[PDB]
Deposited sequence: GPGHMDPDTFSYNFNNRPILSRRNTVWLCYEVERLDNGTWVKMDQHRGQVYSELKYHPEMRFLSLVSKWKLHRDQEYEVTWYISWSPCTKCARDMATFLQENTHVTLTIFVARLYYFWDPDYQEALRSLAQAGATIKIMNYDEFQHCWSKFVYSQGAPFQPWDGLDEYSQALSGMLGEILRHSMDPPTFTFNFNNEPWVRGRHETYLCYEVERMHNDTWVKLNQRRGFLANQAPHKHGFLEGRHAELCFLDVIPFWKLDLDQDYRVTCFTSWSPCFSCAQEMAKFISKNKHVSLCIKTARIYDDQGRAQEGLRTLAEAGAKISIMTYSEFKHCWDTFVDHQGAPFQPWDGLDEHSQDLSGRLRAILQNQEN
C-alpha cells in the first residue's frame, strides 16, 4: 500500500545510528518511474512499502511484486529503494542476478544503516551488487524528509529529526566509500591536487607497528570530501574502527588545503586524547597559528612532492592502465612551499 505506515515505526526503524541492536525487521519503501518522450514520469500506483518475515526478506517480496506487475519490456524503468538495513548475501546475490537478466530496469538504493559493514562476506556481496549496475548511497536528511512526506501516514505532522542524524550520515558515507573502493577520475585529481577550488578532498591510509616495522592495512585506505569540512567527517569515521589501545597506529593524511582553525583544534584535541595514534599530514596547499599548534601537538606536517604525487596517482586514482603525467610548474612550486613551511616551522 502507498504510504500508510505509522510515524512511530518509521522513527524506530530508520534511525541511522551505525550500531543499533534491537531492530530485527527490515523495511523497504519502493517507487518506480518510467521513461516517456525523454523524461522520467512518476508511476503513481507502482509504489509502496513492505517489511520482512521470519525467512522472507523485503527484497524477495519486491521481486515477486515486479513479477506480478508485468512491465512492458520495450521501455526503461528506474526503481528507487529506501531500506533500513543493507541487503544480506542472499538478497544481494539474487538482486544482482535479477539485474543481470533484466537490462531495461535500473536500481538506486538508499540505506539508513549498513548491516555488518565489518564482515567481508557482506562487503563482497555489496560490491557485487554495485558491480551488477546498482547505485548504493547513504540516506541523508533530504531522503528522510521525502520518506516522511511520501511513505508515512503523518497526517500533516512535521518531521522531527533525531539527534546526531548528520554525523551518523557522514560516518556511514565514509564507511560505504571504504567498502565500495571508490576512486578519483584524472580530471578531478588534476583540478584539486594542483599547487598552482571551493572543495577540499583528502586521502588517508593506516599502518600498524610490528617489531619496529610499519605494516599497511588493506581495508583502512581511502579518501573523502566535504558535504562541516572533511576533517570533521574523517575524525567521526575514526572511532568506528575500534583501534586497539596496546599497539601503535600511524594515520597518513593527504590533504589539499591546510586545516581550518576549528578543524585544527579538533584534530589536536583528538590526537592528544589518543596517544596510541600518530598522525602524519602531508598537505599540498595552505588555506598559521592553528598549523603550529597542530604540529606542536604531535603531528608531522609536510608538503607533497613527486613521490607523494606518484603514490596518490597509483593508489587513489582510477587511471585504468595510464601512467602519471606531472603538470607544469610542479617542482618549483613544491620547493617554494617546502621552503616557506620550513621557515615558518
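Where C-alpha coordinates are absent, the deposited sequence of this PDB chain has the segments 197 to 201, 233 to 242, 303 to 308, 367 to 371.
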